[PDB]
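In what follows, a single structure is set out as C-alpha cells and then discussed.
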Amino acid sequence: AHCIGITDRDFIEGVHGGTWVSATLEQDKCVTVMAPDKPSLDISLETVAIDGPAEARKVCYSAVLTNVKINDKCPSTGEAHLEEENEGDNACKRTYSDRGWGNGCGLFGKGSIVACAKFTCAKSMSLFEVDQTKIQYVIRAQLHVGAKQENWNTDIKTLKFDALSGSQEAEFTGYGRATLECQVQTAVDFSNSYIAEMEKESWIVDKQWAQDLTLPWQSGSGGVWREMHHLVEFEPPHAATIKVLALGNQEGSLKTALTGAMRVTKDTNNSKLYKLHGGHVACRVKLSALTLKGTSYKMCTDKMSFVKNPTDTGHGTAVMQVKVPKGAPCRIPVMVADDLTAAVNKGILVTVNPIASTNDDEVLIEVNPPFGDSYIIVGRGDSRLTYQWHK
Amino acid sequence: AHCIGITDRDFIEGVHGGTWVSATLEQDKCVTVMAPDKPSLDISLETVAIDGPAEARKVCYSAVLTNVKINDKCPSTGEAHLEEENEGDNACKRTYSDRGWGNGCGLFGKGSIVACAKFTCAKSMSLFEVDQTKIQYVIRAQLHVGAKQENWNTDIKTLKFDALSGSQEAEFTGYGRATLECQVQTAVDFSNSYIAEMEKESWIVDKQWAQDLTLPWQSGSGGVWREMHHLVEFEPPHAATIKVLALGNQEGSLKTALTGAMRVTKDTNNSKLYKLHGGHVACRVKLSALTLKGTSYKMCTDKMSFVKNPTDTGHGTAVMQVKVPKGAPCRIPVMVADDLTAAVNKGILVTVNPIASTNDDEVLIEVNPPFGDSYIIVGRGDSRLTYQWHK
Amino acid sequence: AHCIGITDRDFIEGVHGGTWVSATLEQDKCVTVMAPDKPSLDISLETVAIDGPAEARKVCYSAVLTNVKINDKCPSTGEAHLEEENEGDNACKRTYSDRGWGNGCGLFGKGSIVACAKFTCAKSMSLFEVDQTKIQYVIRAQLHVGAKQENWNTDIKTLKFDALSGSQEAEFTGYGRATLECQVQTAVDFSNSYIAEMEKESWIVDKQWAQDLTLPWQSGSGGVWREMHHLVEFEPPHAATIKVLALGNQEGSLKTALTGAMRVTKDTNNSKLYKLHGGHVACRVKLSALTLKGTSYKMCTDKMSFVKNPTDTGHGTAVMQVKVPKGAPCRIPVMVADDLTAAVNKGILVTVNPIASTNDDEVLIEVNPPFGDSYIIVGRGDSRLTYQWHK
C-alpha cells in the first residue's frame, strides 16, 4: 500500500458496474480510489522524463581573453586595422582616441583605435530541446491485499508509458485486472521551454527568456561564439592603449535567475535520462475488472491478536496489523461502531475482505472511522478485539 | 606646457601681480594659470597614492563543499546527532522530516534530521583598512618657458603633498619660484571605507556595505569562516535524505555591485602602494616670486622659420614652433591681427614672452586668437611669417 | 475488600443478562463491581508507567566557565580572532572597545575584541520522549471473599498489562475466574510531551515548552551544547579586558515553571520504570465465570461474636468482623431490617454470601444499610447479634 507513505493522499469514491472513474496525479501525491465492491486501488506517479534531448544552444558564463593587441592611427591617417579583426575567435572593438602632440601626432583631432582579444569559453550551460511528444511517464499501482510493509517493495506494479502509448492493463494475481487511461498530453505542454543544464545541476526554463539572455552563446557543435561583447569590457581608450578585461564568472547571477524554475535531475545511471518534476497527469480507472479474493471462505473464530495497534496516518485513516495464530484461511471480520453493541458498522473499510493466506498469517487493515469517538472492532465474536478510537 | 596635450583644460587669471590664486585639480584635467606680467604655470594632479594598508576581512565568493554527512532519527526516538557539528568548519543544518510506517518507524510523526559538510574557500576578496595618515598627493607643475615637447618631461617638477608637507616650493631655472598649497585634509573621506581587492582589480568600498554583504567571511588573520549559511543551501528533506548544494561563484554579482565604486590600481613595483583613480584636491598658487627670463633682451629682426605650423588644439589656442637662426639673445614678436596692417593686437599670448637664447633655439609659442578671421604674425619687416586663422 | 481502604469509591451494578460491565478506573479512585447473583469485585488502577523512555535532550540549569581567554586589536589593525573560536566547546562573543593612548594603542577609536570561555554543565535536566505504544499499566482485582484486612495483600491478584496484552484472566480459588479487557489508556492527556527529570524529581511537560526553554541543550548522544549564550554573561569591554560570568543556577526558576506539571515518579528497584500519574484506564469486566462458594452449606446457629463492631466507612456502607466459634462450616445469615420483626433484608449485602470455613474463622461483612433507621442483624433467634445503624 504505497499510498500510506505519501502525505498528499486523495480519496476518490466510485460506482458499480462497467464504469470508469476519473483521477489526476502529481509527482508528489497519491490517490486511493474506492468503489462499492471492488478492492480499492492505489495510484501514484514515479517519474516524468525525457531521454536524450537534442542540443540547441550553449551559453557561456566564464571566459578567458588569452591575448590582446592594439592598432592606432593619427587623426588624419585614417582608420586603423588588425588582421585579427576578421578571425572568428577574436572579440574586437573600434573606437576613437584623443590624439595630439603629447601623444606623438602632428594634429589634435580624434584618432582611431582597434582592440582585439582571443576569446575562450571556460564553462558554459548546455541548453537541450524537449520534444513534447517524446516525454516518458511511469505510474505505480497497488491493491490493498493486506500485505505487510516489508512486502510492498515487491507487490508494487510499475506501468510504463510514453506520450504515444495507449491505456494499459495491470494484472493482480487472484484479484483480476485493471486498466488505466492516462492522457498525459493534456497535462503537460512544456513546448516553448527547454532544459538548461549546468555542471551537476539542471532546470527547465522558457525559450524566449533564454534567447533574451545577455550572455554570449554558441549555435551548435563548434563554430564561433555569437555575442562575445556581453562578457568583455573595453575601457575608454587612452592615447594608444585600451585595457580589455573579462567580466568574471557569471555562474552566481545565472543561478539567481533560475531559482524560480522547475527542477530537472539527471539520472545517476541511465545517464542520458533527464527526470522532470512538477508535471501532472489525468487518468481514468477501469475498476470494473477487479474482483475480491476468497469471498466464500469461512469467517474467523480463533483468538486473534494485534501485531500493531491502530495508528493515525494523518489521512484520516487508521492502519492496523493483526494475526490469526492457528486458523484455516479464514476471513478476518472488522467493523467500526458507536458502541460495544456494534449493532451496525458505521465506518468505511479500505481493506475490503482481509484473509489469512496461511495458518500463521499476519495481515494489514486500514479503516476510515467517523468523526467523534468510535470503537474499532476486529474479530466479531466472543473473543473480540477493540480499540477506542477518536478522530 | 603639458596641458597642451590634456583634453580637459581650464584657464584661470590672477587679478594682478600674481598676488594669490586658487584652483581645483582633478585627475583627468589640468589648469593653466595666467597673470598680467608673469610666466604661465601648468598644474595637474598626477596620482593619489595610499601606502601600506592592513587586512581587515576576507570575503569568500566561491566555496567548494565536501564530504557531506547525514544522520536521521525515527519520528519519536529523540533528536539527531553528528560529531562533525563540534567542528567550526562544517556548515551543519538541523531540521525535521516526514516519516511513517513505510519508512522505518512505528509512528507517523516527524523525524529529526541533521546534515554537515566542510566549507572550503576556493576564492576570496581582501578588504583593507586605509591609513589616512599615509595619503600622498602628487602634483605636476611646469612653466610655459617655450620648451619643445621632447623636453616637457624633463622640465616638469613633481611635488608630493603628504599630510605634513602642506606647502611646497616649485623652483625653475631663471624664472624664479612658485609656492603651492594643496588642501589634502578636505580632499577625500577615506575613514569610512576599505580597499576591496580581487585578483588584479580593486575598489574603495563603504565599510557598512562591505560588512552588510550577505556573503561568508573570515577575520583578517585567518581562523574561522563565520557566516557559511550564505553560500550553502539545503533542499527540503525527503524521508531519509537531505541534499546540500553549493551556491555558485558570485564573482560576477559582486563586481556588479561594485559598478559604482572608485577604482584603485595596485603598483607594479612597491607591492603596497595603491593609486586611487578620480580624486581631486583644492590648491592655491603664489605667483609673486616668478619672473620673466628675458624682458631685458632685444627684439628679433631676422629670418625666422616655422618648424611646426600653428595647429588647433581643441582649447582654441594655436601652438607653433619658431626657429631663430640668427640673433640669439632676442625676443620674438608675436601678434594676432585682423589685417596684415597689424593695427591692433587681438590675441592673448599664453607663452607670455617668447625669448630665444641660442642661435638655433626652437621655441614653442601658444596664442589665443580671436573669433573670426585673423592673421598670426610672427617677426618684423620683410622676413615676417604670416598665417591665416579661423576661430 | 480493599475498596474499603480507598476513599474515592464508586459502586457499579450488573443486570441479570450477564452482559459485560464497563468501568472507569482512575489512579486515585477505586470501583466495587456488584453482580446481581455473584460475588462483588474490587477493581482499581495501581500504576501507569513507561519502561525505559528514549533519551532526547539534556538541558543545562547550572553551568561553570572553567577557562577564559581574550584577544584585542587596535582600531586600524584589523579584526581579532582566537583559536578557541574554531573549537566547539567554547562560548564566544565579539564586540569593540574604545582604545587610545591610555591603553597602549596608537590611534584613538573603537577596536575589535573577542572573548571565549569553556562551557561545562554541572547539572542538566534530562528530557525523555514518551511513546504511547510503550505505556504499561497494572490493575488490582479482589473479590469480597470476606477475608481479614490483614490478609488482603496475600490474596489480591495483581494483573499486568501492556499495549498488546489484549485481555487477562483473574482466577480466584473456588469462586472461579473473571476476565478484564481494557484500553491501555484512555489518557490522551499525555500526548506531545516529555518526561522531565531533575535529581529525584520528575514532571511531564509540553514539547513546545521544553524546546523553547531559553537554556542551553544537547541531544542524548552527547553533542556539544547548542545555545550557550543563555548562561554566559559578557561584561562590556574595558581596555583589553572582558569579564565573563556564569548566569546563576536556574533550578528554582525551572521548578517554578514545572509546578503545574503532572508528577512522575521513578521506581526504586527497576530504575528505568517511570510511573506516570494522572491517567484514565477504561475496562470491561466479565462477571459470568464467577461463583458463590458455599450456597449449599448449613446456616449458622451457634452464638457468634463481634471482633470489630460495625463501623462507618464513609461510602455509606458499614463494616463489621464476626467470629464463628463453633459449627463453623456454615453460612452467616446477615440482614438489615426496619425493626426486630425482621421482615426483610431491606439492605444490600456487598459480601453477598458470607461463609465461615474453619472452626474458629473470623469473617468480614460489608452492608449497605437503607436510609433512615435500621437494625443490622446477624444470626438466628435467641442468638442474634444486633446493632442500631442510622443512614
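Just remember, in the C-alpha cells the first chain shown is A, the second B, etc., residues are 1-based per chain, and ligands are 1-based in the order shown.
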
- Item | C-alpha RMSD, in-order pairing, chain A superimposed onto chain C |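 It comes to 1.2 Å after superposition.
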
- For chain C, list the residues within 8 Å of chain A, counting only C-alpha atoms, and write the list as a list in words. residues 163, 164, 166, 183 and 186 of chain C

- DSSP alpha helix (DSSP H) selection over segment 191-280 of chain B, as a list in words: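 So, restricting segment 191-280 of chain B to alpha helix (DSSP H), we get residues 207, 208, 209, 210, 211, 212, 251, 252, 253, 254, 255, 256 and 257 of chain B.
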
- Message: Quick one: residues within 6 Å of residue 137 of chain C, only C-alpha atoms, excluding same-chain residues fewer than 6 positions away - as number ranges by chain?
- Response: C: 47-48, 161

Just-selected residues, C-alpha atoms written as a CSV table (one decimal), in the first residue's frame:
chain,number,residue,atom,x,y,z
C,47,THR,CA,0.2,2.2,38.3
C,48,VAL,CA,0.8,3.5,34.8
C,161,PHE,CA,-0.9,-5.2,31.0

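For residue 148 of chain C, the non-local neighbours within 9 Å, defined as residues at least 2 positions apart in the same chain or in other chains and counting only C-alpha atoms, are residues 1, 146, 150, 151, 152, 321, 362, 363 and 364 of chain C.
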
May I have the selected residues written with C-alpha atoms, as a PDB file, in the first residue's frame?
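In the end it all went to part13.pdb:
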ATOM      1  CA  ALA C   1     -12.338  -5.754  50.027  1.00  0.00           C
ATOM      2  CA  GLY C 146     -14.718 -11.947  53.438  1.00  0.00           C
ATOM      3  CA  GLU C 150      -4.502  -8.433  57.486  1.00  0.00           C
ATOM      4  CA  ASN C 151      -4.851 -10.994  54.667  1.00  0.00           C
ATOM      5  CA  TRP C 152      -5.557  -8.700  51.717  1.00  0.00           C
ATOM      6  CA  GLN C 321     -15.986  -8.568  61.631  1.00  0.00           C
ATOM      7  CA  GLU C 362     -13.358 -14.719  61.513  1.00  0.00           C
ATOM      8  CA  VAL C 363     -15.226 -13.127  58.610  1.00  0.00           C
ATOM      9  CA  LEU C 364     -15.661  -9.544  57.425  1.00  0.00           C
TER      10      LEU C 364
END

- Which residues come within 6 Å of segment 285-288 of chain B, counting only C-alpha atoms, excluding same-chain residues fewer than 6 positions away, as a VMD selection string? chain B and resid 18 to 21 178 to 180

Output file for the selection above: N, CA, C and O atoms, as an mmCIF file, in the first residue's frame:
data_model
loop_
_atom_site.group_PDB
_atom_site.id
_atom_site.type_symbol
_atom_site.label_atom_id
_atom_site.label_comp_id
_atom_site.auth_asym_id
_atom_site.auth_seq_id
_atom_site.Cartn_x
_atom_site.Cartn_y
_atom_site.Cartn_z
ATOM 1 N N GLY B 18 50.278 88.573 -9.623
ATOM 2 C CA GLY B 18 50.409 87.221 -9.108
ATOM 3 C C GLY B 18 50.079 87.073 -7.640
ATOM 4 O O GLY B 18 50.663 86.219 -6.965
ATOM 5 N N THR B 19 49.164 87.899 -7.126
ATOM 6 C CA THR B 19 49.018 88.088 -5.685
ATOM 7 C C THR B 19 48.716 86.778 -4.956
ATOM 8 O O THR B 19 49.501 86.337 -4.112
ATOM 9 N N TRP B 20 47.584 86.143 -5.266
ATOM 10 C CA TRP B 20 47.259 84.817 -4.743
ATOM 11 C C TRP B 20 46.112 84.247 -5.572
ATOM 12 O O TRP B 20 45.147 84.962 -5.849
ATOM 13 N N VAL B 21 46.210 82.972 -5.969
ATOM 14 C CA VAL B 21 45.313 82.375 -6.960
ATOM 15 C C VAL B 21 44.880 80.991 -6.496
ATOM 16 O O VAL B 21 45.604 80.309 -5.768
ATOM 17 N N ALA B 178 57.719 79.310 -7.374
ATOM 18 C CA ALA B 178 56.287 79.368 -7.122
ATOM 19 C C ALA B 178 55.924 78.459 -5.963
ATOM 20 O O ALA B 178 56.493 77.375 -5.819
ATOM 21 N N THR B 179 54.976 78.895 -5.136
ATOM 22 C CA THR B 179 54.542 78.141 -3.966
ATOM 23 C C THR B 179 53.147 77.571 -4.155
ATOM 24 O O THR B 179 52.219 78.296 -4.524
ATOM 25 N N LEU B 180 53.004 76.275 -3.905
ATOM 26 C CA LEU B 180 51.717 75.603 -3.918
ATOM 27 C C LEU B 180 51.317 75.205 -2.505
ATOM 28 O O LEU B 180 52.121 74.626 -1.770
#

- Query: Which polymer residues have any atom within 8 Å of an atom of segment 225-234 of chain A, counting only C-alpha atoms, with same-chain residues fewer than 2 positions away left out, as a VMD selection string?
  - Reply: chain A and resid 63 89 91 93 119 214 to 219 223 236 to 237 242 to 248

- Message: For a test of reading the model, state the distance in Å between atom CA of residue 379 of chain A and atom CA of residue 323 of chain A, rounded to one decimal.
- Response: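 Computing it gives 10.6 Å between the two atoms.
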
- Query: Skipping near chain neighbours, those fewer than 5 positions away, what residues fall within 10 Å of residue 201 of chain C using only C-alpha atoms, listed as a ChimeraX atom specification?
  - Reply: /C:196,255,263-266

- All strand (DSSP E or B) positions in segment 259-364 of chain B, as number ranges by chain: B: 262-266, 273-276, 280-286, 290, 298-299, 305-313, 317-323, 330-331, 334-337, 348-349, 355, 362-364

- Item | Nearest to residue 85 of chain C, chosen from B:202, B:121, B:149, B:224, with only C-alpha atoms counted in the distances | B:224

- Message: Let me make sure I understand: among A:365, A:41, A:4, A:50, which one has the smallest atom-to-atom distance to residue 131 of chain A if we use only C-alpha atoms?
- Response: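 Looking at the shortest contact to residue 131 of chain A, the residue is A:50.
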
Sorted by chain and rising residue number, which residues of segment 229-323 of chain A lie within 12 Å of segment 208-212 of chain A, and what are their closest atom pairs and distances in Å to one decimal, counting only C-alpha atoms, as a Markdown table?
| residue | atom | partner | partner_atom | distance |
| --- | --- | --- | --- | --- |
| A:254 | CA | A:210 | CA | 10.7 |
| A:257 | CA | A:209 | CA | 10.3 |
| A:258 | CA | A:210 | CA | 10.4 |
| A:261 | CA | A:209 | CA | 11.7 |

Could the residues in this selection be written to a file with N, CA and C atoms, as an mmCIF file, in the first residue's frame?
data_model
loop_
_atom_site.group_PDB
_atom_site.id
_atom_site.type_symbol
_atom_site.label_atom_id
_atom_site.label_comp_id
_atom_site.auth_asym_id
_atom_site.auth_seq_id
_atom_site.Cartn_x
_atom_site.Cartn_y
_atom_site.Cartn_z
ATOM 1 N N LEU A 254 23.518 33.841 -12.878
ATOM 2 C CA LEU A 254 22.672 32.979 -13.688
ATOM 3 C C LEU A 254 21.833 32.045 -12.834
ATOM 4 N N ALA A 257 18.706 33.882 -11.272
ATOM 5 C CA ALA A 257 17.510 33.948 -12.107
ATOM 6 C C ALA A 257 16.772 32.615 -12.182
ATOM 7 N N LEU A 258 17.498 31.508 -12.242
ATOM 8 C CA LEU A 258 16.880 30.195 -12.388
ATOM 9 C C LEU A 258 16.103 29.723 -11.166
ATOM 10 N N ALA A 261 12.548 28.236 -11.346
ATOM 11 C CA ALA A 261 12.203 27.245 -12.353
ATOM 12 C C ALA A 261 11.850 25.893 -11.752
#

- Message: One decimal, in Å: what's the spacing between atom CA of residue 284 of chain A and atom CA of residue 349 of chain A?
- Response: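 These two atoms are separated by 22.6 Å.
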